[PDB]
Structures are given as C-alpha cells and as structure tokens.
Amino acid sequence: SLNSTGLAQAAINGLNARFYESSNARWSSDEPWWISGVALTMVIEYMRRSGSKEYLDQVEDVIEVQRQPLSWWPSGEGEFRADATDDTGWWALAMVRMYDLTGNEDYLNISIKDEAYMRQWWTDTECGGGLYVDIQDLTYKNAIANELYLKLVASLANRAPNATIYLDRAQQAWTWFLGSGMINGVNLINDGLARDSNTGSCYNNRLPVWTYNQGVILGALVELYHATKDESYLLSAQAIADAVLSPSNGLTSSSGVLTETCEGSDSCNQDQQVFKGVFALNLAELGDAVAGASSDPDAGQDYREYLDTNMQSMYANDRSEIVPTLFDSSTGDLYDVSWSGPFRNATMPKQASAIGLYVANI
C-alpha cells in the first residue's frame, strides 16, 4: 500500500525545489501571498502528524520574515495583518498550528493580534453580522473570510487565556453564519452575500460552490465541539461533508474524486488551484474528531476512505517526479490541479493543495 508520510515529504521537497525562494523566505513571489500561508500550514501540519521536525528551521525563517510590515499594507503594522481579512486569517490559523506544534506562546500571541485586527471589520449594521473581506472597500462579506475568522475564535477559545470571550464570539459568529443563508438547500456553502438595493437585506449571492468553503467551516465546527463537547457541532459539520462526498452534488466525481468546478473548463486560476487541499486537511480534522466522539470502530470511516480514494487517484494520475541533474541533487514529486486528471504542469498553489491531501492521510 501507499505510505502517506513519505509522499508528503516528497511533495514538500518538490514544493521547495521548484518554488521556495531562500533570499525571500517565501514560496513563489509571483503567486498570491496568502497561498504561502497555506503552504506553511501544510508543512506545519505534516510535522505535527508525522512527528518529524525536518523543515522547522525553514518554517521559522518564513514566519520571521513574513511577520514584518507588508510593503503593500504598512498600516497593518505586520504580524500578518494585511489589506484583506482572509489574507490575515490564513496566516493566523497557521500560527495556531505553529503553536500546536511547538508550544511557543509567541505564535499564539500572533493569532490573538490577528483576531483583534480582523474584528475591526465585523459589522452588525449590514447583514446583522459578519465581517468584510475587502478592508479598503468594505463591499463584500464572503464565506471564506467569515469561515476563517470563525475557526480563529473557536481555536482561541481552546487555547487563549481569556478563553471565554473567544467562545462567546465563536458561538455568536456561528449563529450568524448559520442564519446568513450562505448554507444552501443541499447543505453546501456559496461564495458570499449580496445586499438588497432598497431594503438592505442580505442573501445568498448564488456564486460558485468552492471546495475550500466547505472545508474551513468543518475545522471551525470541530474546534467549537472541543470547546463545548456539544456533539451537535459535529453533526452540522458532518452534513456539510456528506454533501461534498455525495456524487449528486457535482463535487465528487463518479470515480469518487474531489473535483473543483473550474476543472471542467480548465480555467482554475491561481486561487482556485489550492482549494482542494484545504478541504482535504479540514475533512481529516472532522474525521479524527468524529472517531473520538463515539466508540463505534467505523466512526469516521467514510471520511477516511474518501481521503484514501483521492490519494490513490492523484498518486497515480497527477504525479510527476523532478529529474535530478549532475548539479542539483533535489528529489521529490510535483502535481497538477486535477486529482483525477493528467499532469501538464505544476504551480505552487497546485503543489500546496497536493501536500494537503497527503498530510490529510497521515
């Protein structure tokens, strides 16, 4: 059979060999900055699950440089406070996992600063709650920025000293999210909310169902379950995951492979190329929590076999090994966007999603 730990290492090595920039402490500066934060999450989570510490020096290097005040948003004063609330949220959650891996309170302190910075754009006057994604414009309350923020306060409710205020915020944020309408009739989450012209009421904007908007919410509900031991949080998360796994909903192919809607038209952009790996790792979080909340041996078996099925398909159809030279000894694996499709090229967002699926099976 396949060993997920060794393949995640080969994928991380391929990510480093092709896309890591030593002089910048960052992967692929020609790609979105927030995807470097997702890549850091993948590498950190690989270490926690595999017990290795093989990239810890590299991770601390990336952290220390990306803490600095961003050149495109100096008013954030660094600590990953960017010009978008979801950009900040990706690095904030990576710092929660960095704290989980090392126990260094420094990384939890970043997460706390990030929560307070993100909360500045939570608003009760439009849509009765939720925060904006575009800090500069304040025109869009979308699913991903509010899912990241919800997972952040739910994580801090389990780790921070003033844990009670973060629990009240997480419980209040989930209540708003559930009543927002972004969760539709088949228990899937559209992209965000639109605002009525005359009335000012908000409603599901019916924009595409992206895989990473069905994943981050699972981790948030798992963290809310850990903070409350209320299994109804796991039940809501399971209904969202079951909808993704149902081939009738168009996200799981007839082969049982997770498929982004943009893969059909071959039009997945730099953002959408990383979505699947985010869902896979969050589904592994849901599976681990489900198996720990009951005594049935097959508890969470469907989520684990789904991750295994997607691993083997992408292992077999989406992989390409880098060829070593007389000068470069680097070895590893590269991956394209489609887990059940051909390998044409490899980009950093595609590679980061790749690692997330392997780490989800460790």
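From 1 onward, residues are counted along the sequence shown.
- Taking the mean C-alpha B-factor of each stretch as recorded, 153-161 and 286-294 are not equal, and the higher mean is that of 286-294.
- The PDB entry reports B-factors from which the mean C-alpha value can be compared for 309-317 and 26-34; the larger average falls on 309-317.
- Of the candidates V65, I322, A39, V59, the PDB record gives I322 the highest C-alpha temperature factor.
- In the deposited entry, the Cα temperature factor of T259 places it in the middle third of its chain's modelled residues.
- Placement of the Cα temperature factor of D137 within the chain: highest third of the modelled residues, per the deposited record.
- Sort the modelled residues of the chain by CA B factor and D196 lands in the highest third.
- Among the modelled residues of the chain, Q238 sits in the middle third by CA temperature factor in this PDB entry.
- In the PDB entry, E231 places in the highest third of its chain by CA B-factor.
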